[PDB]
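What follows is a pair of forms of the same protein chain, given separately as structure tokens and numbered structure 1 and structure 2.
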Structure 1
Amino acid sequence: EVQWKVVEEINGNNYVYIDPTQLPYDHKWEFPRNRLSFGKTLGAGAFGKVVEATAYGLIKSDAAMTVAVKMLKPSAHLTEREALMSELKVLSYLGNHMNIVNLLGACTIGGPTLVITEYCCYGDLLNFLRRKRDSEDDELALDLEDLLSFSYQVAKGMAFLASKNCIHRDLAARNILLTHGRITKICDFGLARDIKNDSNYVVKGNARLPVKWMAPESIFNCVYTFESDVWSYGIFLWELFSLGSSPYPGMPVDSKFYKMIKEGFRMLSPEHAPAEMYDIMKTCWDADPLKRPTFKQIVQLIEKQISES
């Protein structure tokens, strides 16, 4: 199951997705696998893993560079092998942006498929926030500046994705990475996350889904849109200003939970969210998708708050 989808047409409220198996792979990305030295495993699911590695001569012929390599475990079946190749083709289709985990190369010959991406040295944003949660005015002001910056950067990364007609479908702090300079990068662990052991992914129908992050139109109609990604961004803002607390606290995903969300029930503001960031969340959680803001508009709104400093 390819996670990032790419739309080609909107034929009056119905998306025409592009078959990722029909996207090109440009051999400019090809890199010899014997110039990768594999290190620790950074994440692993049932069928896939991401491993830290050193790449010799990937960018400059005389330099080594730390990278992340996505690969399948031997237990993987054909559909997982296709998905890895489709993720490779989507990533090269997207192109490069500062706030996404970028493609650096690939090994598609001489062994199983390897996908080489940037390595983010501080790990996932969710764990970063929860450490600061477990852990005076100047210190709090500086933390608020970081959180404003993270929301700005994720919003730019998502605006870049939407500009390439790409829908993320699993936006959440656990899928955002932090790296040098406090730069945040959107990624998808996809096959490299063990979702069977993550309570945030819930059984609904024939899938395990991050329901507390999903828009209502996605839960009752299984549709994923640019507007539903905006909804997820709103949920992301709530965990961001709550220091990584899980959304809808003390409320498990029952059938009771599903009722409330169609009743227009929303979360209240996190205690220390700035009013104008709370205002952005609420508009992301509009029951009407076409009343939610676009990521381009969210970028402008957050730019204005940061400039007021």
Structure 2
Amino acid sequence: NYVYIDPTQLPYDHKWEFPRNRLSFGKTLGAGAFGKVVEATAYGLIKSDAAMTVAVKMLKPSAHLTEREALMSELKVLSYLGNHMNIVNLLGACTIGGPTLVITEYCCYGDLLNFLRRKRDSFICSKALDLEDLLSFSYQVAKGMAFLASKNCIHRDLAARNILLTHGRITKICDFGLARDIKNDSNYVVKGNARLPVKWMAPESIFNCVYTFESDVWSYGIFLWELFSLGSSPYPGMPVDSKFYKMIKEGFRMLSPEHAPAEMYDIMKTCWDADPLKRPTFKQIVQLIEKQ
């Protein structure tokens, strides 16, 4: 049978190869469930004499098959999407002579989540973290998410921790470890018995194992929630078990963060519709924010 040749499944381009002995490691930048990211210098990575600052991502030692496969999966994705201001810029990989190193544009402020909590105790509006800044990050992630979707991709792990921030208040989406290309169906079904970011997951994906374009929309909602609560954990104190699953199904949702404006809560909520086909598309979120 016939398939849309999936760009993110394609064997790998050796044009990204950058010799690892030209890299050097500084302090650790973060670590999620999949990889470890470390700060670095890449000598001669763009200009023959660069000394560029970068983020290098690599498997954590004693990583499993899943972690392994995923790191390659995001090399391949990052590759396919290419430069776009709001996605994380891929600049290289090292696959030869040591562990897979995935080289990324360094974002100097880190994950919104962490950034939010360092600057929560300093939040104001009209000017330091702004309300305009929070709006600005809402716009930029929706903008970037609307871009993935046009490129037939679903992130599958949109969360505050997987959004980076660089200098011009410019935000970059990262962690394409769970991202898949959806052109073939849309309804992408999770095969593995997986270990997933459940509190960011739309009910249809939890219960019926189906992710769609409008299921990143759900997570983007939990992310507007993270954004405007100045970095709170979703459903704080709430373990993921039957009590949590049941409150999602029966349709219960989080309240407005004390710092969210009415229209942003309104978007979140429509992002949280039980009916997948009632949620707005990021394209519509984008335009919903540009009226603010």
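Quick note, the numbers are simply positions in structure 1, starting from 1. Superpose the two forms; the largest set of C-alphas matching within 1.5 Å is the rigid core.
When two forms of a protein are overlaid on their rigid core, residues whose CA moves 2 Å or more are considered shifted, and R193 is one of them between structures 1 and 2. When the rigid core is held fixed, the Cα atom of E276 travels less than 2 angstroms between structures 1 and 2.
After superposing the rigid core, the Cα of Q297 is displaced by less than 2 Å between structures 1 and 2. The rigid core superposition between structures 1 and 2 gives a CA shift for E118 of 0.6 Å. With the core fitted, the CA of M251 sits 2.7 Å away from its counterpart between structures 1 and 2. With both forms fitted on their core, the C-alpha atom of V202 sits 19.1 Å from where it sits in the other form; this compares the forms between structures 1 and 2.
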